[PDB]
Undergrad: 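Have a look at this one before I ask anything.
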Amino acid sequence: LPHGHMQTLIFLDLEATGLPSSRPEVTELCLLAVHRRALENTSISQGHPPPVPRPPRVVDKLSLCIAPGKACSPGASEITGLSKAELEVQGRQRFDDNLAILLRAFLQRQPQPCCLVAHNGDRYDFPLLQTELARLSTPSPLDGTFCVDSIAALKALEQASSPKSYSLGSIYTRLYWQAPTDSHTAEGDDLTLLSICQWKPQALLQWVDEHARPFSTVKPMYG
Amino acid sequence: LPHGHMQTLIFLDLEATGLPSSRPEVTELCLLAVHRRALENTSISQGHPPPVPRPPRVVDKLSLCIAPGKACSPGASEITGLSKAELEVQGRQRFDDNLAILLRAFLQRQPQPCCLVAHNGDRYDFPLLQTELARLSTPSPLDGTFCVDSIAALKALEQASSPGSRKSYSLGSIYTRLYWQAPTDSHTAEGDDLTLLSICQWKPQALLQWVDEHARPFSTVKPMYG
DNA sequence: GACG
DNA sequence: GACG
Ligand SMILES: [Ca+2]
Ligand SMILES: [Ca+2]
Ligand SMILES: [Ca+2]
Ligand SMILES: [Ca+2]
């Protein structure tokens, strides 16, 4: 274990103005902080297919809408139900120093070490979040936090279970034979991610501990 | 209007170790911050009964579990699904200065003025939160914030809708009267905060009007205990 | 009452 | 791939 046992997993999901090729900006951020004990206490899914796991009783949640500096791409606005104009009309603030202070205080309430988990996080959420934080004078709140990509995790878990798309929805439906709800809301998709990570909680925690890496090593999506 | 038009309503719900006579401590806190426009964006249904309204798309959320400094009362533990032992196994921190810093930073993201809305808040959540903040070595982040009790609000809205002494204004009683459905996730902070949001979305314009007329400073809320 |  |  490169960094010991992770005591908190923080499921991260972002909405944004678009895809990496577009130099996107964040428009919504959700964190679900779950203690490793809560994950390892998830009851063993029985049946075929198993029911969607119940979220743990104890889950710290932070869900925020964020005004971007540029317009949302048409597809992004359609699927997320957000737009720059409506966010501004409702007085949503930019990704700013106060937000970094907020994140710091929320992270500080979680037992360490702590590991972010995001779906395709290594190619999307982590680099994007690194870019957003790099714009601020405030030192990054994530410099002591770890991260892993849940696509890699589920590939490993599924591989061990049965020696295929790994999109969030494809996995959820494969595991549970249900359709994800509130797709492309940061909280809806974060909850779906939590559910897939609860499919085999012990195995997931084991993989996370083995593959956690410092968020400080994530390269910004763009400069 | 005593304090202008409220730009954000923050629906507040707490779970705690017990009821007032027990000098309770907070074990869970949820804030749902909704811009006044967002409440107004609620689609108007003309069904009878109307369907439970969708929450607005834009709603900032903060939901936190908090370890108390004494055991939960057995009744509170059963009702809430929380216990000091389980909060502690899961590494929850106390209601401390960092929590106030977190609350302060969250409140700053909301367009001002903000008005807290809690069900029986005048007799429970507001005095309890005032008590918890008063223990800290950091300034309360609520001295520039306003508050109202949704029991008074719904009594007023229901009376105006059908010109009340013979009914309950408990959270679930109102919800069922308006929507003919049972509330879900009762006695979780977020679950009941969402139920409260739904009852406040029943008649959004009338609710906002009443809130503007009755908002009072949180700084004037007397602590539950000292 | 109504809040846990 | 898969992320909005
Ligand atoms: Ca995502
Ligand atoms: Ca998403
Ligand atoms: Ca309550
Ligand atoms: Ca409650």
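Both backbone and side-chain heavy atoms feed into the values below; hydrogens, waters and symmetry mates do not. So you know, we letter chains A, B, ... as the sequences are listed, proteins then strands, and number each from 1.
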Undergrad: SG of A/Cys65 to CG of A/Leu87: how many Å apart, nearest 0.5 Å?
TA: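 Answer rounded to 0.5 Å: 6.0 Å.
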Undergrad: Between P on C/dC3 and CG on B/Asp122, what's the gap in Å once rounded to a whole number?
TA: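 Between P of C/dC3 and CG of B/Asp122: 13 Å.
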Undergrad: Tell me, please, which residues at least two apart from A/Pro141 pass side chain to side chain contact (heavy atoms under 4.5 Å, CB included).
TA: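 Expected list: A/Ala100, A/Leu103, A/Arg104, A/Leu107, A/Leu133.
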Undergrad: To the nearest 0.5 angstrom, please state how far the CG atom of B/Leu128 sits from the OG1 atom of B/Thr17.
TA: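 Going from CG on B/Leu128 over to OG1 on B/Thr17, the span is 8.0 Å.
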Undergrad: Taking the side chain of A/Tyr124 as heavy atoms from C-beta outward, which of C/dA2, D/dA2, D/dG4 is closest to it?
TA: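 Within the option list, the nearest is D/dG4.
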Undergrad: Among residues at least two apart in sequence or on other chains, which ones pass ring-ring contact (aromatic ring centres under 6.0 Å, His included) with A/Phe106?
TA: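 Counting only residues at least two positions away or on another chain, A/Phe106 forms no ring-ring contact (aromatic ring centres under 6.0 Å, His included).
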Undergrad: Would you mind reading off the distance between B/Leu196 atom CG and C/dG4 atom P, rounded to a whole angstrom?
TA: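 Between P of C/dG4 and CG of B/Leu196: 11 Å.
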Undergrad: Just to verify, what does B/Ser219 make a side chain to side chain contact (heavy atoms under 4.5 Å, CB included) with, not counting sequence neighbours?
TA: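 Residues passing side chain to side chain contact (heavy atoms under 4.5 Å, CB included) with B/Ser219: B/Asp143, B/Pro217.
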Undergrad: Measure distances between side-chain N and O atoms of A/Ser73 and base N and O atoms of D/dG4, and say whether any donor-acceptor pair falls under 3.5 Å.
TA: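 By the distance-only test, yes, there is a pair.
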Undergrad: Given that D/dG1 and D/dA2 are neighbours in the strand, would their base rings pass a stacking test of centres under 5.5 angstrom and planes under 30 degrees?
TA: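 Stacking between D/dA2 and D/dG1 is absent - centres under 5.5 Å, planes under 30° not both met.
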Undergrad: Among residues at least two apart in sequence or on other chains, which ones pass side chain to side chain contact (heavy atoms under 4.5 Å, CB included) with B/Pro127?
TA: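 For B/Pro127, the residues satisfying side chain to side chain contact (heavy atoms under 4.5 Å, CB included) (neighbours in sequence not counted) are B/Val221, B/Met224.
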Undergrad: Check DNA chain C against residues 12-33 of chain B and give the residues with a non-hydrogen atom under 4.0 Å, in numerical order.
TA: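 Here the set is B/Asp13, B/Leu14, B/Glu15, B/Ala16, B/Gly18, B/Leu19, B/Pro20.
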Undergrad: Quickly work out the B/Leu154 CG to C/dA2 P distance and round it to whole Å.
TA: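 That distance rounds to 12 Å.
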Undergrad: According to a strict under-4.0 Å criterion, is A/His119 in side-chain N/O contact with OP1 or OP2 of D/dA2?
TA: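 Looking at the OP1 and OP2 atoms of D/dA2, neither is under 4.0 Å from any side-chain N or O of A/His119.
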Undergrad: Expected output is a numbered-order residue list: members of residues 194-201 of chain A with a heavy atom under 4.0 Å from any atom of DNA chain C. What is it?
TA: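 By residue number: none to list.
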Undergrad: List in chain and number order the residues that pass ring-ring contact (aromatic ring centres under 6.0 Å, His included) with B/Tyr169, two or more places apart in sequence or in another chain; answer none if no residue qualifies.
TA: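 Scan of B/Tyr169 (ring-ring contact (aromatic ring centres under 6.0 Å, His included), adjacent residues dropped) gives none.
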Undergrad: Rounded to the nearest angstrom, tell me the gap between atom CG in B/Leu128 and atom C1' in C/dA2.
TA: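 Distance, rounded to whole Å: 14 Å.
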Undergrad: With sequence neighbours left out, what residues match B/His187 under ring-ring contact (aromatic ring centres under 6.0 Å, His included)?
TA: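 Once residues adjacent in sequence are excluded, B/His187 has no partner under the ring-ring contact (aromatic ring centres under 6.0 Å, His included) criterion.
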Undergrad: Near DNA chain C, counting only heavy atoms under 4.0 Å, which residues of residues 155-179 of chain B show up?
TA: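 Those residues are B/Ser168, B/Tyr169, B/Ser170, B/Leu171.
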Undergrad: Can you measure B/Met224 atom CE to C/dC3 atom P for me and round it to whole angstrom units?
TA: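 It is 13 Å, rounded to the nearest whole Å.
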Undergrad: Tell me every residue that passes ring-ring contact (aromatic ring centres under 6.0 Å, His included) with B/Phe11, counting only those two or more places apart in sequence or in another chain.
TA: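 For B/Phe11, no residue satisfies ring-ring contact (aromatic ring centres under 6.0 Å, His included) once neighbours in sequence are set aside.
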Undergrad: Rounded off to whole Å, could you give me the NZ-to-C1' distance for the A/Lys70 and D/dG4 pair?
TA: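 Taking atom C1' of D/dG4 as the reference, NZ of A/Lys70 is at 12 Å.
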Undergrad: B/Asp149 has an atom CG; how far is it from atom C1' of C/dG1, in whole Å?
TA: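 Value for this atom pair: 12 Å.
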Undergrad: If the condition is side chain to side chain contact (heavy atoms under 4.5 Å, CB included), which residues does A/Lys164 pass it with, not counting sequence neighbours?
TA: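 For A/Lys164 the side chain to side chain contact (heavy atoms under 4.5 Å, CB included) partners, ignoring immediate neighbours, are A/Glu158, A/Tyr166, A/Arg174.
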Undergrad: Which nucleotide, C/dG1, C/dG4, D/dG4, lies nearest any side-chain atom of B/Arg123?
TA: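 It is C/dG1.
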Undergrad: Starting at atom CD of A/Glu132, determine the distance to atom P of D/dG4, rounded to an integer number of angstrom.
TA: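 After rounding, the reported distance stands at 15 Å.
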Undergrad: Look at B/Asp60 together with A/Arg92 and state whether they make a salt bridge at an N to O cut-off of under 4.0 Å.
TA: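 Salt bridge present between B/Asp60 and A/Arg92.
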Undergrad: Under the salt bridge (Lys or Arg N to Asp or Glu O under 4.0 Å) definition, can you give me all pairs with a residue in residues 9-30 of chain B, not counting sequence neighbours?
TA: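 The answer is A/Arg57-B/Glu28.
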